[PDB]
Amino acid sequence: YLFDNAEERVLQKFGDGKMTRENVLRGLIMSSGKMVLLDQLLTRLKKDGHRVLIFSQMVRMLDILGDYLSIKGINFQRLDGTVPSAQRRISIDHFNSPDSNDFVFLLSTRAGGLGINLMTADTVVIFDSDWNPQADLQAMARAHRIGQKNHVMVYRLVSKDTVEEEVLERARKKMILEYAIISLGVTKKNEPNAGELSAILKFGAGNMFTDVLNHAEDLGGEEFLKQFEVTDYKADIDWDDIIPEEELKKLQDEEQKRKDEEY
Amino acid sequence: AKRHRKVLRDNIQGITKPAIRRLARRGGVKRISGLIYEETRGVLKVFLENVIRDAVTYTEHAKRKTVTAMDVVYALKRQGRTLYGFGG
DNA sequence: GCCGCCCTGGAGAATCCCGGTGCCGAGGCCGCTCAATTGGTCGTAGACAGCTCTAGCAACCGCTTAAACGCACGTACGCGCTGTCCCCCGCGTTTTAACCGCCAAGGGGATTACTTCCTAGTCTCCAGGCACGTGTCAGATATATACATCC
């Protein structure tokens, strides 16, 4: 849907072009392979007691997610470069209030600086990866601040066999470089340094691309070998599975009552 | 409906009313009527597409996708409007 | 006798001027380096001469006739004045996006050098298309002569 005149083809080829308030959400979910995983994650995190930030590199994709949560009916708040600083302060204070009904808070990844406090959220969904891994690290550190009362869980959404593979490969190489120079020069191991630098350079010369949505987790060199694994997700969800009988009854009653009240 | 199209169509409206007023002030015009601006935008669009079509023809002759300044200079020169300051 | 108030003098600090020294713009100098110069050779473009035929030119003629010119009249239109109303201009206030400074990677395109081969220039020979002139032929046009008819 980021391309112009692409929603019309999906609507006229699947929902036969009527666009009657239910097939639009189906087209939004089933047009992209990230959106089915995003919908399953959103339902699972709404089922639990979690709040989620969602980071994107494009503000048009933020518009797409905002429309998805508008037709979906989820109290969301948003922040990008178009929002001025007063409404930014209002939105950040509204999300961090103890009586907040907001569930998901959308960001453009490079906006807001380093001074955004996102204390109350727990899950961070990196929808689009950055070329610079420090931008994604700051995005994760928006919620992973000092004094956080919950185990922060980060889900990175990757399109399989696409151009995002080399985006993650370049990000992994830059993290390897930062762990090499910066992390090993902070503030009998000199003999094992000649082995473990060779090990991390063999990691840097290797391609990373050869109970799944659990919000839980049960020496320092092996810690860096984590969070580079790839967990392949298969949906196999057809057109009529989404919008179940609870959601379809709520969507049809709201559409029927809208014609009675006109407006 | 936050989603919309990336493309823009009212780029002729980027030639604003005070820009046309400034161009008329350089032309020595004291008073301007309100229907001048749409006519000026149409005239500018016609002139711009006349120059740009010839420049694009000069570009595709060289098997290029980049419109250089020299192609614009040649396109203006062929129709009888020689422009200095870019040909060197 | 003791304490408080008014008048006047010399020493400490701020500012202007000058000299020594370091930095920006421009010009002299040096080094590469490729294109202008010099020298020689040769082919041909053009100057020159000559003959023939047609157009132009100065100054005059004569005839025709249609265009130009002069004049009178009249009336339509250019122009000036006045009203009116409406729309553009000036100004104050609020918004907003241009502008400048930033990633982030990748492709387009300008050069430098190199290789290769296809295609266009050049040369020779030849033939047919183009330019010019003419015999001939079918369509168009005008009248000669015979038949029906009105007065």
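In what follows, chains are A, B, ... by sequence order, proteins preceding strands, each numbered from 1. Just so you know, these numbers use all the heavy atoms, side chains as well, and skip hydrogens, waters and symmetry mates.
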query: For B:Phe47, does the CZ atom sit with more than 12 other heavy atoms under 6.0 Å from it, leaving out its own atoms?
result: yes
Table up the donor-acceptor pairs between chain B and chain A that sit under 3.5 Å, atom names plus distance.
unit_1	atom_1	unit_2	atom_2	d
B:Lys2	N	A:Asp67	OD1	2.7
B:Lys2	N	A:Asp67	OD2	3.1
B:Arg3	N	A:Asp67	OD2	2.7
B:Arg3	NE	A:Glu7	OE1	2.8
B:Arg3	NE	A:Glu7	OE2	3.4
B:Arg3	NH2	A:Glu7	OE1	3.3
B:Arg3	NH2	A:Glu7	OE2	2.5
B:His4	O	A:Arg60	NH2	3.2
B:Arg5	NH2	A:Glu8	OE2	2.5
B:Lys6	N	A:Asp4	OD1	3.3

query: Is the shortest side-chain N to carboxylate O distance from B:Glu60 to B:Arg64 below 4.0 Å?
result: no
message: With a 6.0 Å cut-off (strictly less than), is the heavy-atom count around CE of B:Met70, excluding the residue itself, greater than 12?
response: yes
field: B:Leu35, CG: over 12 other non-hydrogen atoms inside 6.0 angstrom
entry: no
field: Pairs satisfying side-chain hydrogen bond (donor to acceptor under 3.5 Å, both in side chains), at least one member in residues 16-28 of chain B, at least two apart
entry: B:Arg21-B:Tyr37
query: Any side-chain donor paired with an acceptor under 3.5 Å for B:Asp54 and B:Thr57?
result: no
